[PDB]
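Heads up: the protein sequence lines correspond to chains B and A, in order.
Residue numbering for the first sequence follows the deposited numbering, beginning at 1 and increasing consecutively.
Residue numbering for the second sequence follows the deposited numbering, beginning at 1 and increasing consecutively.
Here is the structure we will look at.
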Amino acid sequence: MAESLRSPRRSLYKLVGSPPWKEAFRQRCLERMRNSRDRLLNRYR
Amino acid sequence: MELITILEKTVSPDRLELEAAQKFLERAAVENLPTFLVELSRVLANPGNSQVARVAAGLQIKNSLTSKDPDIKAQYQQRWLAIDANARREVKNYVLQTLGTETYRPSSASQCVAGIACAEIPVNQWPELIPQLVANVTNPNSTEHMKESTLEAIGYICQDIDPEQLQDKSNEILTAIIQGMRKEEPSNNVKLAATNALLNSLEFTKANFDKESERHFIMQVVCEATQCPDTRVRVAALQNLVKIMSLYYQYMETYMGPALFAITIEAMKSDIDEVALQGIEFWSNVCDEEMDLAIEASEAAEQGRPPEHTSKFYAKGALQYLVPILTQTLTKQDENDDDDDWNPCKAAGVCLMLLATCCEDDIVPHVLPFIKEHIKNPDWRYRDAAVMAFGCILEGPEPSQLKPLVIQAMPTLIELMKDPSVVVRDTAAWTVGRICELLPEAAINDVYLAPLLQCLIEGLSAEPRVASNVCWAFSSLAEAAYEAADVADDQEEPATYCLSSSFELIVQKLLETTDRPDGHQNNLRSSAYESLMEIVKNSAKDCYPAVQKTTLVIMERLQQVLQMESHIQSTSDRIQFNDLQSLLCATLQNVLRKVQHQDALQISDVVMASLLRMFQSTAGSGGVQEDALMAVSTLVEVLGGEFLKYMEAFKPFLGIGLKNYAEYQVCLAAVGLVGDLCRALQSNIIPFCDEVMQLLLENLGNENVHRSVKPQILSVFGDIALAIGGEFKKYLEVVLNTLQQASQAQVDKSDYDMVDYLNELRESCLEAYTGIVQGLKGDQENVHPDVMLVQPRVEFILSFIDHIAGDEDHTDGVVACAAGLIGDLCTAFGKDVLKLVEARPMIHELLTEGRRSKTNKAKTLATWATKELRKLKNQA
Numbered sequence: 001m002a003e004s005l006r007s008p009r010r011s012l013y014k015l016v017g018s019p020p021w022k023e024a025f026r027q028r029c030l031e032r033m034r035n036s037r038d039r040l041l042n043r044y045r
Numbered sequence: 001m002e003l004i005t006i007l008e009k010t011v012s013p014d015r016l017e018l019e020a021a022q023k024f025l026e027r028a029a030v031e032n033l034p035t036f037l038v039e040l041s042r043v044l045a046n047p048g049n050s051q052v053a054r055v056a057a058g059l060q061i062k063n064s065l066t067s068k069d070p071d072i073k074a075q076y077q078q079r080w081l082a083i084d085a086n087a088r089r090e091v092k093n094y095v096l097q098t099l100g101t102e103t104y105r106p107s108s109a110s111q112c113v114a115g116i117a118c119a120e121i122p123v124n125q126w127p128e129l130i131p132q133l134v135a136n137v138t139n140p141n142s143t144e145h146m147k148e149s150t151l152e153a154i155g156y157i158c159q160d161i162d163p164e165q166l167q168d169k170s171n172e173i174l175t176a177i178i179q180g181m182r183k184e185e186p187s188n189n190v191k192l193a194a195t196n197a198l199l200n201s202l203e204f205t206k207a208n209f210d211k212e213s214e215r216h217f218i219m220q221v222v223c224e225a226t227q228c229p230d231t232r233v234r235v236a237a238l239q240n241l242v243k244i245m246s247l248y249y250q251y252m253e254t255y256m257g258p259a260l261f262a263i264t265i266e267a268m269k270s271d272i273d274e275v276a277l278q279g280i281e282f283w284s285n286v287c288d289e290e291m292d293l294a295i296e297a298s299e300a301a302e303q304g305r306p307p308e309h310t311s312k313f314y315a316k317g318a319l320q321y322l323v324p325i326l327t328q329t330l331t332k333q334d335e336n337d338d339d340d341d342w343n344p345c346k347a348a349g350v351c352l353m354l355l356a357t358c359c360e361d362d363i364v365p366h367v368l369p370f371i372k373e374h375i376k377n378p379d380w381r382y383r384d385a386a387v388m389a390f391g392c393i394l395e396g397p398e399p400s401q402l403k404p405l406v407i408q409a410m411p412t413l414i415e416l417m418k419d420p421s422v423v424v425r426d427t428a429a430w431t432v433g434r435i436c437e438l439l440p441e442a443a444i445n446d447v448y449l450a451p452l453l454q455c456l457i458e459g460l461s462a463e464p465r466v467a468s469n470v471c472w473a474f475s476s477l478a479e480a481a482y483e484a485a486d487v488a489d490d491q492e493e494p495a496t497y498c499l500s501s502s503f504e505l506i507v508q509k510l511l512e513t514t515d516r517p518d519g520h521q522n523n524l525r526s527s528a529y530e531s532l533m534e535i536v537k538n539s540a541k542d543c544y545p546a547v548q549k550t551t552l553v554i555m556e557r558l559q560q561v562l563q564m565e566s567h568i569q570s571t572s573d574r575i576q577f578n579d580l581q582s583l584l585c586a587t588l589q590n591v592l593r594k595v596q597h598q599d600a601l602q603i604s605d606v607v608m609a610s611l612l613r614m615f616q617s618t619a620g621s622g623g624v625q626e627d628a629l630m631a632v633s634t635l636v637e638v639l640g641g642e643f644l645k646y647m648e649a650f651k652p653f654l655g656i657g658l659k660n661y662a663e664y665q666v667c668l669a670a671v672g673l674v675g676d677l678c679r680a681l682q683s684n685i686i687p688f689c690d691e692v693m694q695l696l697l698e699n700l701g702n703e704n705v706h707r708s709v710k711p712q713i714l715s716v717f718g719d720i721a722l723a724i725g726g727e728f729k730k731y732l733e734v735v736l737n738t739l740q741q742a743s744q745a746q747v748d749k750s751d752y753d754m755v756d757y758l759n760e761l762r763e764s765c766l767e768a769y770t771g772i773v774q775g776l777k778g779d780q781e782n783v784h785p786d787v788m789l790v791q792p793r794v795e796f797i798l799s800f801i802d803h804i805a806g807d808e809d810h811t812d813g814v815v816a817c818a819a820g821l822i823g824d825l826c827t828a829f830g831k832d833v834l835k836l837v838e839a840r841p842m843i844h845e846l847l848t849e850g851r852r853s854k855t856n857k858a859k860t861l862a863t864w865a866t867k868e869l870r871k872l873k874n875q876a
């Protein structure tokens, strides 16, 4: 379904195709924080 | 340099003498720009000026008015402009014969004249350069030196200045340049120069292409320029057919078929590398454009409006001519190569990969027989071609059709991974990695999973070229096995795991491969550590003792780095040890989050000690503190209320982190730690919260932080209000006014990035208010009397949410947060909010549409809000 990115032809060859892990950690921590906040908010119902 | 000096260069050229004479240049001549062009403008017109001296003059002239940074020489342009009472008008008399003189190269004099002319054109007070150049394109003598130097100067001018400037005489320049584009000139180099100049003039010629009268002749001339004997004008002509394609796709239907089709196919069929490479580039660009057009058409269909750019499907129209010649190109693999030069076969591979995505499922019939037949050829060239091509077509067609091929080709690939050649094994590893990464259902079958795992673990000890793929082949496979768990009834964890029996051996082999003496090749060590993190992340309920052993080993490795962290000799030491420490901290976090609650107690002390000792680092640097802050942000959550003992020593380092606004990366991590993560201390942070609130207010005052810090601060305010609950007095008046003032900020619709940024600010303030109200009310059934201090503010909150509801560029989440903020006001008071709401029914739109929202959070919050409201209005 398309997706990905149109990288220049130089780096498009034999690529690993993995996003940097450091930026993924921040998004994961944000999702964890949101889930924990929702789970704590559920305690009043 | 000077007229006196340049004649000395003609007699005795040198290297040190020229540098010695150049010392006075920047002292006097650069400052004394007036009456300095005059001496340089009386030498290189003379045929007696030798090449070696004229080049040594042109180089220094070009250095004087060209630079890597434009503005520092735009100052020189301004200084030159004030002298135009003589400037450029005296050198008019010089350039007319400086061209095309002495040795048969432009001698960089044309590059100097390009400086003057690109300096003039921003002011456009002296257009007379245009006739000065175009006069000698149709001149009776037309000596090749003059014509070629003139067209080279025209190219320089077209490629140097901002494209918008040259539109004043575009039509004349276009009419002139095509005159030199004809083969009728006996000189070959003039054709080269004319073709080069046209390439750079395409930037601003838009007004000419947009009407057919000239464009038909232009396309005829350009296409006929491809049927030429010289290699340089062939490659340049094809290089001008490309980047014409990308710029003017819309008009191509009259030219592509009759003219471009045959020449581009013959180009791809060319034996010499250059022409085939240019043809590959052309047909890659056309399918890139068709992919973008398909994306736009899909967007238009989603919106329901007809597309504004109908596609012609050039790439999809012709496949039977493309695939066979493409595959045959892969057979011409260089036996020995550095794997860095852009060989034609690599371009063919990437072109076929793009073709797979653009053509989708129609590529399979044309490429399948080659893959099936040449896979077992005794010639290693054809085996490499068959394996390399098969891995390129994985994207595109749906997995349903591609499944049987993978199923019946898997046995071949495993035995293909061992081969006397090396490139065959490399491409087999690449193919199997992409197969397991893109088609999990094909690699999850147990018919060959055990041989596959055995071959992978045996190959993990091979060269880095294949090891770097075996890592990231283990990943996206462990995750698929975790997702495909045989039973996942409870949300906690899968009870069993397809890799369970081999899991401990996999972990041991990964640990052994991590510390290989060749881990830096192809970033093998980082890939291995990432694969290990993904392995630990998706661990089963079973195999926990393997995680325990991994914890012990990784803790041994974590403290081991602390010695070389000090024993630094070079910047590369810092680079490597920073990367190693970051990976170690990430793996320690990921492995701590998995172990049992009881097991973390015996390790928490050493973990915290090592973390605090590492936190000193370089006395402060964004590359180190972030990892420690994330690690603590995980330890405090996993450990729970026992963190009280460690807090006393840690809090001054947290007070260092909070004030690090010069590096926003540390700031957001520290704020997140201060938030719900440190909130686990419950009603014990009260002694510590005062300086925390002070520092947060200071971070709210200083307007130097990144734009994303503010929502986190508001969320921390809300979490603190929830945590403390009944002792926010003497603090609420300090933050309520700040958030009130902040919330009224506005930004227009010129960029949707600002739209969703404002949306985040809105929701962060909304949830801060929800947290404040919940904390003030408390968990008691009765309402605490201290909540009366927020009563006079409620109508502003309702007006704020109504102002949110006035705009319609919503997204998910804000509606749920609004429902949450409205669903507790009724519980707080229950007698007045029932008559503030009904005066402005706009929130009923949010409530009623929330019942049908596309996310669970919004649906649940809107249902709860509607039930809360309806059960209070009935009492009337």
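Each residue gets a CB set at the ideal place from its N, CA and C atoms; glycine is no exception.
Leaving out five residues before and five after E637/A in sequence, what residues of the same chain have Cβ atoms less than 7 Å from its Cβ? Along the second sequence, one-based indexing puts residue 637/A at 637. Result list for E637/A: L677, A680, in chain order.
Quick one: what does DSSP say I121/A is sitting in, helix, strand or coil? Stepping through the second sequence from its first residue, residue 121/A is reached at position 121. For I121/A, the three-state secondary structure derived from DSSP is coil.
Inter-residue CB distance, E102/A and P47/A (contact presumed, cutoff 8 Å): The residue you call residue 102/A lines up with position 102 of the second sequence. The residue you call residue 47/A lines up with position 47 of the second sequence. That belief holds up - the Cβ atoms of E102/A and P47/A are roughly 5 Å apart, short of 8 Å.
Could you tell me whether any Cβ in chain A is nearer than 8 Å to the Cβ of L12/B? Within the first sequence, numbered from 1, the residue matching residue 12/B stands at position 12. At least one CB atom of chain A sits nearer than 8 Å to the CB of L12/B.
Going by Cα to Cα distance, which pick from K169/A, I130/A, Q167/A, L44/A is closest to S108/A? Start at 1 with the first residue of the second sequence, and residue 108/A comes out as number 108. By alpha-carbon distance to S108/A, the top candidate from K169/A, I130/A, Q167/A, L44/A is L44/A.
Using Cβ-Cβ distances below 9 Å, what residues of the region 631 to 657 of chain A are close to chain B? From the region 631 to 657 of chain A, only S633, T634, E637 have a Cβ closer than 9 Å to chain B.
8 Å Cβ cutoff, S36/B in contact with chain A: Here residue 36/B is taken as the residue at index 36 of the first sequence, counted from 1. Answer yes: the Cβ-Cβ gap between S36/B and chain A drops below 8 Å somewhere.
Run through DSSP, which three-state label would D753/A get? Here residue 753/A refers to the residue found at position 753 when the second sequence is read from its first residue. Residue state, collapsed to three classes: helix.
Relative to the alpha-carbon of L352/A, which residue among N445/A, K372/A, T329/A has its alpha-carbon at the smallest distance? Taking the second sequence and counting its residues from 1, one reaches residue 352/A at position 352. For the set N445/A, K372/A, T329/A, the Cα lying nearest the Cα of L352/A is the one of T329/A.
Looking at C-beta atoms only, is the number of pairs between the region 130 to 150 of chain A and the region 85 to 102 of chain A that lie closer than 8 Å three or more? The answer is yes - the region 85 to 102 of chain A touches the region 130 to 150 of chain A, with three or more Cβ pairs under 8 Å.
Proximity of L836/A and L798/A at Cβ, strictly below 8 Å: Here residue 836/A is taken as the residue at index 836 of the second sequence, counted from 1. Here residue 798/A is taken as the residue at index 798 of the second sequence, counted from 1. Yes, the Cβ-Cβ distance between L836/A and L798/A is below 8 Å.
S475/A and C543/A: beta carbons closer than 8 Å? Within the second sequence, numbered from 1, the residue matching residue 475/A stands at position 475. Within the second sequence, numbered from 1, the residue matching residue 543/A stands at position 543. Not a contact, by the Cβ cut-off of 8 Å.
Please report how far the alpha carbon of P13/A lies from the alpha carbon of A57/A, in whole angstroms. By 1-based counting over the second sequence, the position of residue 13/A is 13. By 1-based counting over the second sequence, the position of residue 57/A is 57. Straight-line Cα distance between these residues: approximately 11 Å.
Within this structure, are the beta carbons of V406/A and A442/A separated by less than 8 Å? Stepping through the second sequence from its first residue, residue 406/A is reached at position 406. Stepping through the second sequence from its first residue, residue 442/A is reached at position 442. Cβ distance < 8 Å, so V406/A and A442/A count as in contact.
Starting from the C-beta of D419/A, find all residues in its chain whose C-beta is less than 6 Å away, skip the five residues before and the five after it, and write them out in chain order. For the purposes of this step, residue 419/A is identified with residue 419 of the second sequence, where counting begins at 1. The answer, listed in chain order, is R425.
Starting from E90/A, trace the alpha helix (DSSP H) in both directions and tell me its first and last residue. One-based indexing of the second sequence puts residue 90/A at position 90. Neither: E90/A is in no alpha helix (DSSP H) and is coded neither H nor E.
Look at the Cβ atom of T357/A, then the Cβ atom of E395/A, and state whether they are nearer than 8 Å. Along the second sequence, read from residue 1 onward, the residue named residue 357/A stands at position 357. Along the second sequence, read from residue 1 onward, the residue named residue 395/A stands at position 395. The answer is yes: Cβ separation under 8 Å.
Along the region 1 to 27 of chain B, where does the CB come closer than 9 Å to a CB of chain A? Name the residues. Cβ proximity to chain A below 9 Å picks out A2, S4, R6, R9, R10, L12, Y13, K14, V16, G17, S18, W21, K22, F25, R26 from the region 1 to 27 of chain B.
Closer than 8 Å, Cβ to any Cβ of chain B: which residues of the region 555 to 588 of chain A, in chain order? Flagged, chain order: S582, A586.
Given 8 Å as the limit, is there contact between the region 127 to 141 of chain A and the region 76 to 87 of chain A, that is, 3 or more CB pairs closer than that? The region 127 to 141 of chain A makes no contact with the region 76 to 87 of chain A: fewer than 3 CB pairs, one atom from each, lie closer than 8 Å.
Terminal residues of the alpha helix (DSSP H) in which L277/A lies: Residue 277/A sits at position 277 when you count from the first residue of the second sequence. Counting along the chain, the alpha helix (DSSP H) containing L277/A begins and ends at 273 to 303.
Compute the distance between the beta-carbons of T551/A and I603/A, then report whether it is under 8 Å. Position 551 of the second sequence, counted from the first residue, corresponds to residue 551/A. Position 603 of the second sequence, counted from the first residue, corresponds to residue 603/A. Yes. Within cutoff.
Contact check, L714/A vs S750/A under 8 Å by CB: the rounded distance? Locating residue 714/A in the second sequence gives position 714, where the first residue counts as 1. Locating residue 750/A in the second sequence gives position 750, where the first residue counts as 1. Not really, about 25 Å apart at Cβ, beyond 8 Å.
Mind listing the chain A neighbours of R39/B? Cutoff is C-beta to C-beta under 7 Å, in chain order. The sequence position of residue 39/B within the first sequence is 39, counting from 1. Going along chain A, no residue has its Cβ under 7 Å from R39/B, so there is no contact; the nearest lies around 10 Å.
Among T855/A, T863/A, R840/A, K854/A, which one has its Cα closest to the Cα of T848/A? Here residue 848/A refers to the residue found at position 848 of the second sequence. If you compare the alpha carbons of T855/A, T863/A, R840/A, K854/A with that of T848/A, the shortest gap goes to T863/A.
Do we get a CB-CB distance below 8 Å when we pair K346/A with the residues of chain B? Counting from 1 along the second sequence, the entry for residue 346/A is found at position 346. At least one CB atom of chain B sits nearer than 8 Å to the CB of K346/A.
Within a Cβ cutoff of 6 Å, which residues of the same chain sit near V470/A, ignoring the five residues on either side of it in sequence? Within the second sequence, residue 470/A is the residue found at index 470, counting from 1. Same-chain partners within the cutoff: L456, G459, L460.
Spell out whether any CB of chain B is found under 8 Å from the CB atom of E530/A. Working through the second sequence from its first residue, we reach residue 530/A at position 530. Chain B contact via Cβ: present.
Say whether chain B places a C-beta atom closer than 8 Å to the C-beta of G623/A. Position 623 of the second sequence, counting from 1, holds the residue named residue 623/A. Not a single CB atom of chain B sits nearer than 8 Å to the CB of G623/A.
Can you tell me whether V734/A is buried or exposed? The criterion is at least 16 other CB atoms within 10 Å of its CB, across all chains shown. Position 734 of the second sequence, counting from 1, holds the residue named residue 734/A. So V734/A ends up on the exposed side.
Can you list the residues of chain B that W472/A reaches, using a CB-CB cut of under 9 Å? Against the second sequence, residue 472/A aligns to sequence position 472. Ordered by position in chain B, the residues that pass the 9 Å Cβ test against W472/A are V16, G17, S18.
Proximity winner among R852/A, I843/A, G823/A, relative to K867/A (alpha-carbon distances): Within the second sequence, the letter at position 867 stands for residue 867/A. Looking at the Cα atoms, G823/A is the closest of the given residues.
Test item: CB-CB of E373/A and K312/A under 8 Å: On the second sequence, position 373 is the one that residue 373/A refers to. On the second sequence, position 312 is the one that residue 312/A refers to. With respect to the 8 Å criterion, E373/A and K312/A are not classified as neighbours on the basis of their beta carbons.
Are the CB atoms of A818/A and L739/A within a distance shorter than 8 Å? Start at 1 with the first residue of the second sequence, and residue 739/A comes out as number 739. Start at 1 with the first residue of the second sequence, and residue 818/A comes out as number 818. In this structure, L739/A sits away from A818/A, with a CB-CB distance that is not shorter than 8 Å.
Give the single residue among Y731/A, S708/A, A29/A whose Cα lies nearest to the Cα of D753/A. Walking along the second sequence from the start, residue 753/A turns up at place 753. Checked all of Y731/A, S708/A, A29/A; the closest Cα to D753/A is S708/A.
Closest Cβ-Cβ distance between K269/A and chain B: below 8 Å? Against the second sequence, residue 269/A aligns to sequence position 269. No, because no Cβ of chain B sits closer than 8 Å to the Cβ of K269/A.
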